[PDB]
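What follows is a set of notes on a single structure, which appears directly below.
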Amino acid sequence: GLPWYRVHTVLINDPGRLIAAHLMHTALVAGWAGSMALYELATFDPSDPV
Amino acid sequence: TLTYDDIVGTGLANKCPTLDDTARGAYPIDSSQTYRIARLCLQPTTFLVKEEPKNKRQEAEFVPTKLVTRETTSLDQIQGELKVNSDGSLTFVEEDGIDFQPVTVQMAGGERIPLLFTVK
Ligand code: CLA
Ligand code: CLA
Ligand code: CLA
Ligand code: CLA
Ligand SMILES: CC1=C(/C=C/C(C)=C/C=C/C(C)=C/C=C/C=C(C)/C=C/C=C(C)/C=C/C2=C(C)CCCC2(C)C)C(C)(C)CCC1
Ligand SMILES: [Ca+2]
């Protein structure tokens, strides 16, 4: 059937699932941002800005 | 005057009495008549904790802090003699009373700083 590196072509013209996809990505990029934040807040030391 | 019930739960119990704006007079001292303090009372308003200047000694200042415990700070019922001295000065000398209360305050970092706020 499809080679591994083409599996996402299954969206080339399914505006619906293309948006479903793009939505999931945004979710992960937003998710990452949120949690990369918490990681810094759990380890950043404000004791000295100088 | 208010009864216990008239204060319970209001937090009013942790507040030293107050004098009105009027009362700005002066009390006389006989210097030949012993006097005592029937009731000293101290109510905290702020607790500042001097910060450690890190290794870089740069002079440290006191910083405000949040009161993590609650309204249990006040010292009340202090008592002792207020002897008059030869030079005409006065020195209070405490004997007994609720002269101390364990207080705990937090800081910028989140550090809890417990102290035994007292005047024993
Ligand atoms: C910016 C958006 C973007 C988008 C939407 C696409 C979309 C697509 N690309 Mg493409 N590409 C891009 C950028 C992009 N590309 C860039 C910058 C390059 C240069 C490196 C390429 C090089 C490239 C090649 C050489 C090929 C595609 C192909 C394809 C299609 C693949 C279908 C599939 O099943 O993927 C399959 C993807 C995988 C099975 C997994 C890859 C796993 C590894 C390599 C990475 C894992 C990365 C990690 C999880 C996160 C990465 C984050 C990123 C910001 C770095 C698809 C429509 C293929 C095509 O044209 O098919 C007909 C193809 O042969 N792309
Ligand atoms: C970031 C967004 C993203 C999105 C929107 C999609 C979306 C889609 N994928 Mg990909 N894919 C991705 C990333 C993504 N993929 C990555 C990084 C890989 C690794 C190479 C793949 C590998 C892959 C394959 C091999 C296939 C698809 C297929 C499909 C379609 C599947 C329909 C289905 O029934 O789901 C089922 C398939 C999936 C849900 C994708 C697998 C996702 C796995 C790899 C990771 C889940 C993450 C994990 C729980 C958290 C990580 C923790 C960390 C510590 C490791 C769909 C349109 C299939 C297809 O082409 O159908 C026609 C298919 O065969 N995907
Ligand atoms: C007429 C107004 C209009 C508006 C305002 C938008 C707005 C948007 N479109 Mg778009 N679109 C339109 C017409 C419009 N479209 C038409 C006529 C088509 C042809 C069918 C498309 C086809 C299209 C595609 C194919 C894609 C978009 C995508 C996007 C989004 C990209 C940014 C993003 O996801 O950040 C995120 C910011 C937010 C989530 C906050 C938004 C808060 C409010 C505005 C909306 C809350 C949701 C609401 C109930 C539904 C929104 C419907 C949307 C059309 C406004 C964005 C919200 C992309 C997408 O969906 O990525 C995930 C994408 O892939 N659009
Ligand atoms: C600012 C621009 C930006 C752009 C253009 C993209 C673009 C893309 N991202 Mg995204 N991403 C971004 C920001 C961005 N990202 C941010 C801020 C985050 C949070 C950290 C993510 C997290 C993210 C995830 C988790 C995934 C994507 C994926 C994808 C690809 C989806 C379509 C596809 O199938 O491509 C085809 C895929 C490729 C062409 C891969 C080539 C990637 C190149 C650029 C670098 C390869 C380097 C190396 C081998 C990667 C190391 C991997 C590590 C595990 C060892 C696409 C190329 C998905 C993906 O890569 O699916 C396969 C996916 O799973 N992104
Ligand atoms: C559902 C829901 C919810 C929740 C949510 C959550 C909880 C989320 C999370 C999320 C998350 C938690 C996310 C995360 C994400 C992440 C990411 C996205 C990542 C990424 C990564 C990467 C991409 C990596 C890579 C790499 C490496 C490894 C090395 C080299 C370099 C690089 C960078 C390439 C709520 C309640 C709101 C409500 C509604 C529903
Ligand atoms: Ca300290």
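Miscellaneous remarks
- The number of residues in the range A:7-50 that are surrounded by fewer than 10 Cβ atoms within 10 Å (Cβ to Cβ), away from ligand 3 (no atom under 16 Å from the Cβ) and more than 30 Å from B:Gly109 (Cβ to Cβ) comes to 0.
- B:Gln77 being under 18 Å from the mean Cα position of the chain (by Cα), loosely packed, with under 14 Cβ neighbours inside 10 Å and touching a residue at least 24 places away in the same chain (Cβ under 8 Å): yes
- Residues in the range B:50-74 that are touching an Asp or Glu at 6+ places or on another chain (Cβ under 8 Å), of a type outside the set (A, V, I, L, M, F, W, C) and in contact (Cβ under 8 Å) with a residue 12 or more places away in the chain: 2 in all.
- When the range B:30-62 is filtered for residues that are loosely packed, with under 12 Cβ neighbours inside 10 Å and in contact with a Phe, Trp or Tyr (Cβ under 8 Å, 6 or more places away or on another chain), the ones remaining, listed by number, are B:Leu48, B:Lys50.
- Residue count for the range B:82-113, restricted to those that are in a strand (DSSP E or B) and charged (D, E, K, R): 4
- Subset of the range A:1-48 that is away from ligand 6 (no atom under 16 Å from the Cβ) and within 14 Å of chain B (Cβ to nearest Cβ) - its residue that is nearest to B:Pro53 (Cα to Cα): A:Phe44
- Residue within the range A:37-45 that is under 19 Å from the mean Cα position of the chain (by Cα), of a type outside the set (S, T, N, Q) and within 12 Å of ligand 1 (Cβ to nearest atom) present: no
Every residue, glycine among them, receives a Cβ derived from its backbone with ideal geometry; neighbour counts consider all protein chains shown. Throughout, read-outs are computed from the coordinates displayed, never taken from laboratory work.
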